[PDB]
Every structure is written in structure tokens, then in C-alpha cells.
Amino acid sequence: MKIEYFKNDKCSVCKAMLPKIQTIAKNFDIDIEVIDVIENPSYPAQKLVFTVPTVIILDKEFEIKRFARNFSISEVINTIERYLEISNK
């Protein structure tokens, strides 16, 4: 699996959420890529990411769930847990 976290350094919700999402990734031993949409806009533009923060959970480069606009960090944890529960069964 993989977490992709899209941010910019002028986004205050992004700064506050970044250590949480990093801890979540460490907690589940999932790779996490932090992507700055201003510094490196090519891949975000290809993925159709326009707002930050945006969180994409992936497995084998397949998009399991995208979070943008209105979401809490608990929704991200819940999706990761449900996906691992389904996968491990």
C-alpha cells in the first residue's frame, strides 16, 4: 500500500495534518509520499489533484480512496483499517 499526501507550504490545515498522517503511515508500516503541489505540480496535475490537503490511499498503484475538500483524519485511519481487514481475511 501507499499513502500520497498532497500539500503546499502555505496551507495551514496541511501543516497540522502532516505529522498525523505521517504517524498513521508509520503506525501501519505503509509508505507515504509527501507531494508539494506548488514545487512539483506535474504529477498532481496528472492525478487531477486541485485542492490541498488531498490524501490518496493506494495499493499496487490502484486508487483505493481519495480524500479532498471535506474530510477528517479519522476517516483516513478508518479506511486504512477497513481495507486491511478486508485484505487480511
# chains A, B, ... in the order shown; residues from 1 in each chain; ligands from 1
>>> residues_around(residues="residue A:83", least_positions_apart="6", cutoff="12 Å", atoms="only C-alpha atoms", output="PyMOL selection string")
chain A and resi 1+28+57-59+63-65+76-77+89
>>> write_last_selection(atoms="C-alpha atoms", output="PDB file, in the first residue's frame")
ATOM      1  CA  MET A   1       0.000   0.000   0.000  1.00  0.00           C
ATOM      2  CA  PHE A  28       0.592   0.770   9.682  1.00  0.00           C
ATOM      3  CA  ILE A  57      -4.631   5.672  -0.427  1.00  0.00           C
ATOM      4  CA  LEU A  58      -3.263   3.229  -2.995  1.00  0.00           C
ATOM      5  CA  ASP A  59      -2.500  -0.468  -3.311  1.00  0.00           C
ATOM      6  CA  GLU A  63      -6.514   4.115  -6.027  1.00  0.00           C
ATOM      7  CA  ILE A  64      -8.429   2.749  -3.000  1.00  0.00           C
ATOM      8  CA  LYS A  65      -9.814   6.067  -1.763  1.00  0.00           C
ATOM      9  CA  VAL A  76      -8.350   8.157   6.650  1.00  0.00           C
ATOM     10  CA  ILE A  77      -7.499   5.835   9.538  1.00  0.00           C
ATOM     11  CA  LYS A  89      -9.434 -12.029   5.559  1.00  0.00           C
TER      12      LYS A  89
END
>>> residues_around(residues="residue A:4", least_positions_apart="2", cutoff="8 Å", atoms="only C-alpha atoms", output="list in words")
residues 2, 6, 32, 33, 34, 35, 55, 56, 57 and 58 of chain A
>>> closest_residue(among="A:84, A:45, A:73, A:38", to="residue A:7", atoms="only C-alpha atoms")
A:38
>>> select_by_dssp(residues="stretch 5-80 of chain A", states="strand (DSSP E)", output="NGL selection string")
:A and (5-7 or 31-36 or 54-59 or 62-68)
>>> select_by_dssp(residues="chain A", states="alpha helix (DSSP H)", output="ChimeraX atom specification")
/A:12-28,42-46,73-88
>>> write_last_selection(atoms="C-alpha atoms", output="tab-separated table (two decimals), in the first residue's frame")
chain	number	residue	atom	x	y	z
A	12	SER	CA	-2.31	25.61	7.45
A	13	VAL	CA	-4.61	22.58	7.62
A	14	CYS	CA	-1.89	20.73	5.66
A	15	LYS	CA	0.84	21.60	8.17
A	16	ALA	CA	-1.30	20.48	11.13
A	17	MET	CA	-2.36	17.25	9.43
A	18	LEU	CA	1.09	16.29	8.11
A	19	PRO	CA	2.53	14.86	11.37
A	20	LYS	CA	-0.70	12.95	11.98
A	21	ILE	CA	-0.72	11.38	8.52
A	22	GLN	CA	2.98	10.54	8.88
A	23	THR	CA	2.33	8.84	12.20
A	24	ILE	CA	-0.61	6.92	10.70
A	25	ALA	CA	1.71	5.66	7.95
A	26	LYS	CA	4.40	4.63	10.44
A	27	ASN	CA	1.70	3.00	12.58
A	28	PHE	CA	0.59	0.77	9.68
A	42	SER	CA	3.30	17.80	-12.76
A	43	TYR	CA	2.18	14.61	-11.01
A	44	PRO	CA	-0.64	16.33	-9.01
A	45	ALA	CA	-1.95	17.79	-12.27
A	46	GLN	CA	-1.88	14.34	-13.90
A	73	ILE	CA	-8.07	12.44	9.72
A	74	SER	CA	-10.22	9.78	11.41
A	75	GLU	CA	-11.81	8.91	8.04
A	76	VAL	CA	-8.35	8.16	6.65
A	77	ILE	CA	-7.50	5.83	9.54
A	78	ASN	CA	-10.88	4.13	9.23
A	79	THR	CA	-10.39	3.46	5.51
A	80	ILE	CA	-6.90	2.06	6.06
A	81	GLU	CA	-8.18	-0.24	8.80
A	82	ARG	CA	-11.20	-1.45	6.82
A	83	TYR	CA	-9.06	-2.10	3.74
A	84	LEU	CA	-6.51	-4.09	5.75
A	85	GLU	CA	-9.31	-6.02	7.47
A	86	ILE	CA	-10.82	-6.99	4.11
A	87	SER	CA	-7.40	-7.77	2.64
A	88	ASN	CA	-6.26	-9.89	5.59
>>> atom_distance(atom1="atom CA of residue A:11", atom2="atom CA of residue A:70")
14.5 Å
